[PDB]
Amino acid sequence: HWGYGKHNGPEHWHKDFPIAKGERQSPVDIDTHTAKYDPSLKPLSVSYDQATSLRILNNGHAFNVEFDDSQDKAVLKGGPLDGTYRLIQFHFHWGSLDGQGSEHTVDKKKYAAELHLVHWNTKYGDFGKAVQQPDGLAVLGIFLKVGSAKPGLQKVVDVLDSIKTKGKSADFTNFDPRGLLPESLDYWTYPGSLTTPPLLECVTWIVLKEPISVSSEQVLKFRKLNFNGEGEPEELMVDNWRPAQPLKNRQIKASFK
Ligand SMILES: NS(=O)(=O)c1ccc([N+](=O)[O-])cc1
Ligand SMILES: NS(=O)(=O)c1ccc([N+](=O)[O-])cc1
Ligand SMILES: OC[C@H]1O[C@@H](O)[C@H](O)[C@@H](O)[C@@H]1O
Ligand SMILES: OC[C@H]1O[C@@H](O)[C@H](O)[C@@H](O)[C@@H]1O
Ligand SMILES: OC[C@H]1O[C@H](O)[C@H](O)[C@@H](O)[C@@H]1O
Ligand SMILES: [Zn+2]
């Protein structure tokens with residue numbers, strides 16, 4: 001099955017997921033000089049005050065913090081988006097060392113990690129239908145750099161010892177994702193794809209310009225997770241990022257002048 005190793009990583013995915021070589025793949029490098037302010041973007045609204053987190057799962061690729069998406073409890077609207085997008089899960093991608101780990105890059109610079117808050121367009125009723133639509137998903141991406149600790153991340157860090165291996169989950173109620181945001185909502189946006197198989201071209205990407213700072217200790221705990229299942233030889237969950245893909249016939253727009 002697909003993964004991040006030499007034998008099953010990003011360079012192999014196209015053999016089972018031919019869209020890997022598609023016209024709208026993610027992530028991309030964000031060339032900040034070529035990105036253009038877009039006056040047509042509406043104000044972005046991140047409305048997470050009624051979010052209901054449920055569970056945290058090690059899926060063998062990353063860990064997902066899952067939300068109740070049976071109503072509009074935690075939604076993303078505005079910006080480039082037409083309609084309401086409901087938060088379903090968040091997860092991260094990270095490196096074996098602080099100099100890599102992000103999926104998007106900024107003028108080719110790699111951050112230590114990247115947070116993805118995944119949302120689906122409610123006009124399609126369910127996530128599965130949304131991933132049959134060009135505008136089915138919106139992913140809010142946030143870079144992580146290593147410096148001061150992020151207080152709102154610590155609850156995530158501290159539960160990871162209970163989901164070390166693939167297939168393990170734990171209750172994760174009453175987590176507030178607002179504690180993972182930076183101060184500014186300035187962003188870049190472009191049309192792209194899921195960054196893991198099935199690589200579907202359904203995503204409006206919204207990538208915040210301001211990184212969050214996390215401590216070395218916090219990211220080191222991410223790197224203690226395992227790709228493998230319980231009882232199997234240990235494969236540390238590190239370098240679970242896809243590199244930048246060709247921009248092709250796209251432009252990256254900025255929310256800021
Ligand atoms: N195309 S893939 O990345 O899903 C994939 C890579 C390798 C193997 N393999 O070695 O069996 C299977 C599937
Ligand atoms: N990494 S990502 O945010 O583009 C992503 C989100 C969701 C899924 N998914 O549901 O399969 C895959 C990848
Ligand atoms: O408990 C985490 C969060 O859950 C939300 O549903 C509440 O409205 C927030 O006030 C709270 O911070
Ligand atoms: O034809 C001019 C237009 O070219 C497009 O590629 C740009 O996205 C627009 O901002 C510009 O007004
Ligand atoms: O908010 C997420 C989680 O944080 C801590 O682990 C709390 O002990 C737990 O009750 C909660 O579910
Ligand atoms: Zn992701």
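Ligands are counted one by one from 1 in listed order, and the atoms in each one are counted from 1 as well. Sequential numbering from 1 along the given sequence is applied to the chain's residues.
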Note: ligand 3 atoms sitting under 4.0 Å from heavy atoms of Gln50 are 6 (O), 8 (O)
Taking the N/O/S atoms of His116 one by one, which is nearest to the Zn ion (ligand 6)? ND1
Minimum heavy-atom distance between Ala170 and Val159, given as atom pair plus value: CB-CG2, 4.2 Å
Any non-hydrogen protein atom below 4.0 Å of atom 10 (O) of ligand 5? no
Where does the angle between the aromatic ring planes of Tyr4 and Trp13 fall among parallel (under 30°), tilted (30 to 60°) and perpendicular (over 60°)? perpendicular
Taking the six-membered ring for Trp, are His91 and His116 parallel (under 30°), tilted (30 to 60°) or perpendicular (over 60°)? perpendicular
Got a donor-acceptor contact below 3.5 angstrom from the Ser102 side chain to the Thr105 backbone? no
Give the numbers and elements of all ligand 5 atoms closer than 4.0 Å to a heavy atom of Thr173. 1 (O), 2 (C), 3 (C), 11 (C), 12 (O)
Taking 4.0 angstrom as the limit and counting only heavy atoms of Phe175, give me the atoms of ligand 3 inside it, by number and element. 2 (C)
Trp241-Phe227 co-clustered via ILVMFWY side chain contacts under 4.5 Å: no
Ligand 5 atoms in contact with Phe175 (distance to a heavy atom under 4.0 Å): 1 (O), 2 (C)
Short list, please: which atoms of ligand 3 are under 4.0 Å from a heavy atom of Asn174? 1 (O), 2 (C)
With a 4.5 Å limit on heavy-atom distance, are the side chains of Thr32 and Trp188 in contact? yes
Looking at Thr173, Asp176, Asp49, the heavy atom closest to atom 11 (C) of ligand 3 belongs to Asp176
I'd like to know if atom 1 (O) of ligand 5 has any protein heavy atom within a distance of less than 4.0 Å. yes
Regarding ligand 3, does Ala51 bring an N or O atom to under 3.5 Å of one of the ligand's N or O atoms? yes
Is there a polar contact between ligand 3 and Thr52, counting only N or O atoms under 3.5 Å apart? no
Which of these passes side chain to side chain contact (heavy atoms under 4.5 Å, CB included) with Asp69: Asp126, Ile88, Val118? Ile88
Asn174 heavy atoms, cut-off 4.0 Å: which ligand 5 atoms fall inside? 1 (O)
Look at the aromatic rings of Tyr48 and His119 and report parallel, tilted or perpendicular, splitting at 30° and 60°. parallel
Cationic tip of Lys109 within the cone over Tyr111's six-membered ring, i.e. under 6.0 Å and within 45° of the normal? yes
Provide, to 0.1 Å, the distance between atom 7 (C) of ligand 5 and the closest protein heavy atom, together with that atom's residue and name. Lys155 CE, 4.6 Å
From the N, O or S atoms in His91, identify the one nearest to the Zn ion (ligand 6). NE2
